[PDB]
Amino acid sequence: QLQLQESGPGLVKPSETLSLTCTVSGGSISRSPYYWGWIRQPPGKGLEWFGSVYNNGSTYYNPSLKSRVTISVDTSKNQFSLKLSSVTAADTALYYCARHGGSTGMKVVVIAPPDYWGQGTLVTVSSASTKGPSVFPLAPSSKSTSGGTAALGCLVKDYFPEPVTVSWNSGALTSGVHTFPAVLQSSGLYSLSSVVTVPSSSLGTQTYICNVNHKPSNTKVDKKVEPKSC
Amino acid sequence: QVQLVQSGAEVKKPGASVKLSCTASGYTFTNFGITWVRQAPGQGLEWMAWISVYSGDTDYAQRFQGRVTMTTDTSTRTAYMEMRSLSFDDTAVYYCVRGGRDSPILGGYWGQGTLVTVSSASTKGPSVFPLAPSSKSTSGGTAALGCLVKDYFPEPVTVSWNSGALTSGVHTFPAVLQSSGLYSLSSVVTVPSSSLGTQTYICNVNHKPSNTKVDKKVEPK
Amino acid sequence: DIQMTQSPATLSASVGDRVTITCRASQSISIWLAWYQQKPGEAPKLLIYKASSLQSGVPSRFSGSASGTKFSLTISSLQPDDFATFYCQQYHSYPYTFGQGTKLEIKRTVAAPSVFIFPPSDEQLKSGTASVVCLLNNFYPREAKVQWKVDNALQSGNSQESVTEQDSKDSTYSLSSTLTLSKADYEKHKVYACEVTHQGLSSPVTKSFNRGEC
Amino acid sequence: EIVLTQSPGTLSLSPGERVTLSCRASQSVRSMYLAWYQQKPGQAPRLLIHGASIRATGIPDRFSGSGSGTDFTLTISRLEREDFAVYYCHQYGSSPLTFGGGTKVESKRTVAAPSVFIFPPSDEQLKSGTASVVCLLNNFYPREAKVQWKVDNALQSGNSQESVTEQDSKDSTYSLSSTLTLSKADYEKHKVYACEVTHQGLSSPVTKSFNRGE
Amino acid sequence: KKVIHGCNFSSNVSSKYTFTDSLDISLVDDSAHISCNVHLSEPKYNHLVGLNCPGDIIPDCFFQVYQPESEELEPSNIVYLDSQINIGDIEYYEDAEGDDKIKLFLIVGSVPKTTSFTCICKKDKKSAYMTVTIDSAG
Ligand SMILES: *[C@@H]1O[C@H](CO)[C@@H](O)[C@H](O)[C@H]1NC(C)=O
């Protein structure tokens, strides 16, 4: 029941320092012989290891990062942290914290692959400002119906930076949901839609609500989608 | 990549000697031993001998003591096993395996094996006799026919049917060794009884050791 | 650094196929090679460690093998929920290094899209903007053409498309096309038509509506 | 000498089933110095396990070894078709090095009686002075089969040889060829040449016969 | 307590021995492996070298050990410790405290050539490698 949970802002300006924290629960860092590391994944590309820290505070860095990475550990909070200095647009990426082993050549060391991962946090490097989304319904109608099936959804428009999360009925409705990749509009603001197909017969009896969260803006919107009788 | 490559197949007369070689790569030859295992046709694995390339110590299974000897050439990373006074029960595949440096052990680094065949026979091409489909080789709606590949030496022969166009239902059997020292093999195929008067069937027998190629037509009755 | 050469970059296969992904290291990593499966929107998940040991709970159709420096990941019979990007990683020494990734594509039968259209909401019109959404649901293959006509005038430069990753159950795609106009432009036209071409349709289809009728 | 006994000699199962092979030593093997090997026809043995329980490099997870003292076990949790082979145990704790006699792991199917065909000698062979009579047992299971030659209802002995194919990869059956070799003079002396076959698929021993010249 | 220059992979400290290097193998998961490395460097030795393993010991240490190699350790890597250190007077000792198995040897005097060797502690699905390097004078 070890769990890793990243935290930290989603937006950083170029030349600034990116800061993230990983909170460990279900076990103690100070009692562990493992190492606590960071791995990143720029959008649409592979995985790169940034570095790790032991519970003593000893650190180990990827030399290809040219000393831009600093890692710290706080055993009294069961946390460890990442600082990446002077970021550029190339540092926009998904950042993971993970538990893993050390390096062959160390005297007494656990050799292990990253097994427990955080969920990943997206950090966007840009000079643009945060903007919360507008949530609009995609109401079901005869023009979104086929057989005993009706499609509905929500349009999540004009937000920055990524990401937003969309659930339906607070997670109770998951089957048939399609939450599309966001598209960068001409305005520099993102837009996406999340749709779901449900039984047509349920449209008068079951309420359908999209739950939209944009953490960079601290916005939470619940939009009930009203069916149309036409 | 640890690798042991053994010398090619050998045919030897009874009473003669054979020298088998095993060439190593991908590791320090002089830090390990070489272990020899033999497998007689259709039988299990039998430990035979061991040599330490590091020290020159050896060990032999009691059955092969004095008759079998070993030596190496370290500049070519080759280990040798010499067998004297070969008899007919020395016919077997002989494997070299990377061994322990200090005592007889083997592991998972095997050579591909060297077959030694002890025989008083000499190279001879086969005679190909038909196994003609008759009423005594029908089982309902299908018929069996084949070719008897008799009295050849050494192995192998290859058999195809209609120059490779007929593959389904073909069984080419392992050869058996007659008391004469020559091999004989059967290759059969099951085909529809409907096709006997209409379809032609030819076995293509190739004995490359004697450069014998025989195409034999097998007709009914 | 130890470099990991993973092959192939993309892999296309049908359900029930045997697939093999290889990874070669630039020097000895012993057997400290891990295989990860990354499904969409998820962190990479550890499948195999020490080159050949399965992580607890991994299906038996997954297996790994080695050959000194050449490592293999084999799925003995592909299933639809195997869709993911697979990564190898050496954990022998720092810095950790990953393979380039293998993106696994599932081939399946043709499936026509369900085509639905959504007029802009009244709330969006109040803010001064009109977005029209065309939905293509659960089709295969990915290639699909979606055009917009407004009062029979073909549109250009005012629509954007987005497509989902292959579904983990039926391996289909879905697509959404959004036509965006100002409120003023929207209210000057009547017919809003989404034009859809797909291999699964016997003829290109129109899904349309008249502004304000519903 | 440490004698290793593997029982049984043959195990039969289908893909997906669990395999358990046994190796019993005449005395305890020192320090679990026991190895398991796999061998397929025409190939060198392949190391699967050493130290009783250490999986060799590049061997898939589904193979595991266990045991100590005089009793050791090789387990295949879910057998795959490529696993049908002969398996040898091996001890290297005491000299001389020894091997078990082997266990054949074989594909199981429903019992199939052999199709029995008999071929009299050819006219071309008889001109040479020898007569070979061939009897074919085709596509049967299991492999255990007995062939008896009867010349004029006189059981023959010492003048026939047989050979068996490896198990067919498609239908898991075997076939057997048995040649009876006589002088030509001895062949003309007699009339009825019979091949008597006993097999589990046959309720009664079956005889296929011909009359010389008919 | 006797001082053992070596690796203690068990959860309990011995009432008889203290080990220089320790990693509780019960603290790591099945996907983990332990590497424990000991380096002796003296002109002449008078040292106890050994291992405390809560599982199986591979190979028959310290009568036999593995000679290290850039390949995966295999049966043909087994050597006699006598031959590996190349001194004739090695005393071997074994002990047991619960399911912990203790194997030791004593090395006295100088070593003609710097050498290393490995012994394995396998606990169920987890493995821990102990590698000792012993220097010659200089
Ligand atoms: C913890 O830090 C110390 C330095 O104070 C270092 O010598 C030691 O190796 C570290 N522990 C590890 C890497 O396990």
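Taking the Cβ-Cβ separation of residue E:89 and residue D:30 as r and a Förster radius of 30 Å, what is the calculated FRET efficiency to the nearest 0.05? It comes to 0.80.
Once the C-beta distance of residue D:81 and residue B:16 is scaled by a Förster radius of 45 Å, the resulting FRET efficiency is 0.55 to the nearest 0.05.
What whole-number distance in Å separates the alpha-carbon centres of the range A:86-109 and the range E:84-108? Result: 40 Å between the Cα centres. Between D:67, D:42, D:95, the Cα set farthest toward the positive side of the dipole of the range D:4-107 (charges on each charged residue's Cβ, about the Cα centre) is that of D:95. Per-residue Karplus couplings for the range C:117-125, computed as 6.51 cos²θ - 1.76 cosθ + 1.60 with θ equal to phi - 60°, are listed in order as 10, 10, x, x, 5, 5, 4, 5, 4 Hz, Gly and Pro entered as x.
Taking the range B:171-196 and a reference point 7 angstrom along Cα→Cβ of residue B:135, no backbone N atom is nearer than 15 Å. Computed from point charges on the beta carbon alone (+1 for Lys and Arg, -1 for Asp and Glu), the dipole magnitude for chain D about its Cα centre is near 300 Debye.
How would you classify the protein assembly as shown from its alpha-carbon gyration tensor, with a ≥ b ≥ c the square roots of the eigenvalues: rounded for a/c under 1.5, else prolate if a/b is greater than b/c, otherwise oblate? Verdict is oblate for the protein assembly as shown. About its Cα centre, the dipole of chain E is roughly 380 debye, where the only charges are +1 on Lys and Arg Cβ and -1 on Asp and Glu Cβ. Please work out whether the range A:134-224 counts as rounded, prolate or oblate from its C-alpha gyration tensor, where a ≥ b ≥ c are the square roots of the eigenvalues and a/c under 1.5 means rounded, while otherwise a/b larger than b/c means prolate and anything else oblate? Cα axes put the range A:134-224 in the prolate bin.
With contacts taken as Cα pairs under 8 Å at a separation of at least 6 residues, chain C carries a relative contact order of 19 percent. Cα centroids of the range A:163-190 and the range D:61-106: 54 Å apart. Take each residue in C:80-87, count the other chain C-beta atoms within 10 Å of its C-beta, and the mean is 1. Around the amide H of residue C:97, modelled in the peptide plane, lie the amide H atoms of C:90, all under 5 Å away and 5 or more residues distant in sequence or on another chain. If a/c stays under 1.5 just call it rounded; otherwise compare a/b with b/c (prolate if a/b is bigger, oblate if not). Do that for the range C:114-210, with a ≥ b ≥ c from the square roots of the Cα gyration tensor eigenvalues. It is prolate, given that a/c is not under 1.5 and a/b is the larger ratio. In a reduced charge model with +1 at each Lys and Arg Cβ and -1 at each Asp and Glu Cβ, the protein assembly as shown shows a dipole moment near 1540 debye about its Cα centre. The residue list B:55, B:200, B:187 was ranked by how far each Cα lies along the charge dipole of chain B toward its positive end, using unit charges on Cβ atoms, and B:200 comes out on top.
Computed on the range E:1-127, with alpha-carbon pairs under 8 angstrom and 6+ residues apart, the relative contact order is 30 percent. Packing-based ranking of D:92-98, C:55-61 yields D:92-98, C:55-61, ordered from highest to lowest mean Cβ neighbour count within 10 Å.
Amide H to amide H, with H built 1.01 Å from N, residue D:133 comes under 5 Å of D:180, D:181, D:182, counting only residues 5 or more places away or on other chains.
Peptide D:88-98 has a mean shielding of 5, counted as Cβ atoms of other protein chains within 10 Å of each residue's Cβ. Karplus-based coupling profile of the range B:8-13, in residue order and whole Hz: x, 4, 10, 10, 9, 7, with θ = phi - 60° in 6.51 cos²θ - 1.76 cosθ + 1.60 and x standing for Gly or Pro. The range C:107-129 and the range B:1-57 have Cα centres spaced 73 Å apart. To the nearest µm²/s, what D does Stokes-Einstein give for the range C:4-107 at 4 °C and 1.567 mPa s, using the Kirkwood radius over alpha carbon pairs as Rh? Rounded to a whole number, D works out at 96 µm²/s. Rounded to the nearest whole Hz, the Karplus-based 3J(HN,Hα) values (6.51 cos²θ - 1.76 cosθ + 1.60, θ = phi - 60°) of the range C:190-196 follow the sequence 10, 8, 10, 10, 9, 9, 10, with x at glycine and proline. The residue among E:81, E:54, E:7 whose Cα reaches farthest toward the positive pole of the charge dipole of chain E, with charges on the beta-carbon of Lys, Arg, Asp and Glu, is E:7.
How big is Rg to Rh over chain D, alpha-carbon atoms, Rh as the Kirkwood inverse-mean-distance radius?
Result for chain D is an Rg/Rh of 1.13.
From the alpha carbon gyration tensor of chain E, can you work out the equivalent ellipsoid semi-axes (sqrt of 5 times each eigenvalue) and give them in Å, largest to smallest? The answer is 23, 18, 13 Å, longest axis first. Between residue E:2 and residue E:70, the contour length at 0.36 nm per residue exceeds the Cα-Cα span by 21.1 nm. Peptides D:204-210, E:57-63, A:163-169 ranked from most to least packed give E:57-63, A:163-169, D:204-210, packing being the mean of other C-beta atoms within 10 angstrom over each peptide's residues. Taken over the Cα atoms of the range D:61-159, the convex hull encloses 233 Å³ per residue.
Mean partner shielding of peptide A:114-120, defined as the number of other chain Cβ atoms within 10 Å of each residue Cβ, is 5. If you take the alpha carbon atoms of chain A and fit the smallest convex hull around them, that volume is 153 Å³ per residue. Taking a point 7 Å out from the Cα of residue D:128 in the direction of its Cβ, the residues of the range B:122-138 whose backbone N falls within less than 11 Å of it are B:125-130.
Kirkwood radius and radius of gyration were both taken over the C-alpha atoms of the range B:3-118, and their ratio Rg/Rh is 0.94.
Take every Cα pair under 8 Å in chain B that's 6+ residues apart, average their separations, divide by the length, and report that relative contact order as a whole percent.
Computed over chain B, the figure is 19 percent.
Computed from the coordinates by the stated procedures, all read-outs in this text should not be read as laboratory data. Note: ideal-geometry Cβ built from the backbone for every residue, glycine included; neighbour counts use all protein chains shown.
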